Structure formats: structure tokens, C-alpha cells
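Chemist: just the structure for this:
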Amino acid sequence: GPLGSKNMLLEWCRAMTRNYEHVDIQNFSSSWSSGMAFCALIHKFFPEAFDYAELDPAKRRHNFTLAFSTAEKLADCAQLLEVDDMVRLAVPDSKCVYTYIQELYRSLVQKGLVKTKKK
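Modeler: Numbers count the residues shown, from 1 in each chain. The coordinates are given below.
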């Protein structure tokens, strides 16, 4: 479509990347090899989550588990991705992140999280 799906998420996800640093969402795979994206994106809607400024790219394993363990306890998100796999692959799939974000996106809509402030 003239708009596009991934573009919507990309535009959106990126919009939250401005707040955070060391993170650049120019892709859904390579730009995610740091795992810093999953944690950073969540930290946007959940402050009690964790101190994103206290995390480093050194502890990726924890970043993945954290991003998931945090989103799960707070949003009971999906379990489409496995920390170990992410760690081993070090290369996610645009469909995986997209699909994950998809489910997550929807949860935010119901929760009314995405509709925090109008333009």
C-alpha cells in the first residue's frame, strides 16, 4: 500500500529510537544484532522496566531475557523468540521481529498504551 505495514512499524519503532542511543533501527535484522533494540523499544512504554542507561552491549544474553522477561511480566507478551536462539543466531528475521512487534503492538492498542498523546 502507499503507506505499508513494515514502514508503519519502522517509522514507529524508530520514533522511539530517538529517545535512546547506540541504537539505530535501519533494519529489523542487522540493526537488532545488538539486542539493545528489544530492550530499548520496551523501555519506552515501561519506565519501571529497567535502567536502559545501565545496560551495555556486553550483556546481550541478559538483554534478550530481560526484554522478554520484562515484557512478559508487564505485558505477558508472546514467546515467538528465544534468547538462546537470538544469542546463537545473532541475526533475527524481519518476519520474526515484525510478527513479535505485531502481537505486542496489538496488546499496546488494547492497553491504550499507544494512544498516550495525540499529535
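Chemist: how far is stretch 61-74 from where the chain is centred?
Modeler: Using Cα atoms, centre = their mean, to the nearest Å, we find the averaged C-alpha position of stretch 61-74 to lie 10 Å away from the chain's own average C-alpha position.
Chemist: excluding chain neighbours, what is closest to residue 70?
Modeler: Distances taken as Cβ to Cβ, 6 or more residues apart in numbering place residue 49 nearest to residue 70, at 4.9 Å, with adjacent residues excluded. The way it works is simple: take the backbone N, C-alpha and C, and place the C-beta from them, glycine included.
Chemist: quick one, what contacts the one you found?
Modeler: When the contact criterion is Cβ atoms under 8 Å, 6 or more residues apart in numbering, the partners of residue 49 are 42-43, 70, 74.
Chemist: residue 78 now?
Modeler: When the contact criterion is Cβ under 8 Å, 6+ apart, the partners of residue 78 are 100, 103-104.
Chemist: ranking those by neighbours, who comes first?
Modeler: Neighbour count (other Cβ atoms under 10 Å) singles out residue 100 as the most crowded of these, with 21 neighbours.
Chemist: please save the CA atoms from stretch 111-119 in PDB.
Modeler: Backbone C-alpha positions of stretch 111-119 (Å, rounded to 0.1, in the frame of the first residue of the first chain) are rendered in PDB as follows:
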ATOM      1  CA  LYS A 111      -4.000  -1.400  26.900                       C
ATOM      2  CA  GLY A 112      -4.300   2.100  25.400                       C
ATOM      3  CA  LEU A 113      -0.600   2.500  25.700                       C
ATOM      4  CA  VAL A 114       0.000   3.500  22.100                       C
ATOM      5  CA  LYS A 115      -2.800   6.100  22.400                       C
ATOM      6  CA  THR A 116      -1.000   8.100  25.100                       C
ATOM      7  CA  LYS A 117      -0.800  11.500  23.500                       C
ATOM      8  CA  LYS A 118      -2.500  12.700  20.200                       C
ATOM      9  CA  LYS A 119      -0.500  14.700  17.700                       C
END
